[PDB]
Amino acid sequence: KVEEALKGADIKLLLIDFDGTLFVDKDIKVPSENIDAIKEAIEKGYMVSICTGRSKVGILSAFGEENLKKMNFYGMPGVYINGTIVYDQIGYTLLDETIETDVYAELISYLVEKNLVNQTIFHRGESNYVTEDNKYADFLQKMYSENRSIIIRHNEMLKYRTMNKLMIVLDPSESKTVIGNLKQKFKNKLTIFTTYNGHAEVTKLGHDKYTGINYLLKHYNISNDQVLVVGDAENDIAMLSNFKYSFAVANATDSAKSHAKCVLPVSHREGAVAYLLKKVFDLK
């Protein structure tokens, strides 16, 4: 099933989702089987780009310094913050899109009246921020293997005129209600993806991983034919539907699985990425 879906592919670019695909959890993180797979990928001439809602530093912290040295990979190139930040292979900033100030002012204003600021992670570039009254200040570290967000007073947070991303950490009690209301309030004003476990990710209208990825394709003159992509959740759908050699992990959402060419027989936990990469390697 996989070998058939891969037949005839001349693959030059490997686009890998991070959470739910390459990264499994706080504990397993990225299995050594996957670190090896990328290591060999880079030795065999494949361009690797991770495509995530996370930042580069977020991805580098979850990997660890040792694994980076092991792979010889430092998140360049990469599509980050759901395609609003894109670096090339040598670190040039091909794209850095922040939310429009007016819309962003309307958003902070909503988040205050809806009382959600003290549970929002505020992202700009390679940094993220939370308020003094945030009970989940440890959240990206504890649950995603990142560094601790920087804690600042509430009225200092509202001084900033824009962000690349706002992650609203939601209780599974409130998710539906809060996201639905956020979606209708900022319909055609913001991009709002729902995290695997119920949180909201808010970015600039019109961008997602797929549009981030096009910058890399133009830059390095790589066609659709030559892209392998693999992912799991809502913000992977655009890149799963829009490439041919596209793959969903066994643990993917229903939508991810239907929009992908092919659903892998193996979960992220079981080394889905290493499994798929080795089947790409035996083509050449």
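Counting begins at 1, following the sequence as shown.
Asker: Which of the two stretches, 192 to 200 or 116 to 124, shows the higher mean Cα temperature factor in the record?
Answerer: It is 192 to 200.
Asker: Looking at the entry, does 126 to 134 or 171 to 179 show the higher mean C-alpha B-factor?
Answerer: Looking at the recorded C-alpha B-factors, 171 to 179 comes out higher on average.
Asker: Looking at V103, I90, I213, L158, which one carries the largest C-alpha B-factor according to the PDB entry?
Answerer: Top of the list by C-alpha B-factor: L158.
Asker: Test of reading the entry: by CA B factor among the chain's modelled residues, which third contains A9?
Answerer: Answer is highest: the recorded C-alpha B-factor places it there.
Asker: Mind checking which third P265 falls in for C-alpha B-factor across the chain?
Answerer: According to the entry, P265 has a C-alpha B-factor in the chain's highest third.
Asker: Lowest, middle or highest third: which one holds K187 when the chain's residues are ordered by CA B-factor from the entry?
Answerer: Ranked within chain, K187 CA B lands in the middle tercile.
Asker: Using only modelled residues of the chain, where does the Cα B factor of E146 rank: lowest third, middle third or highest third?
Answerer: Highest third, going by the recorded CA B-factors of the chain.
Asker: How does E66 rank on Cα B-factor within its chain, lowest, middle or highest third?
Answerer: Its C-alpha B-factor, which the entry lists for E66, ranks in the highest third among residues of this chain.
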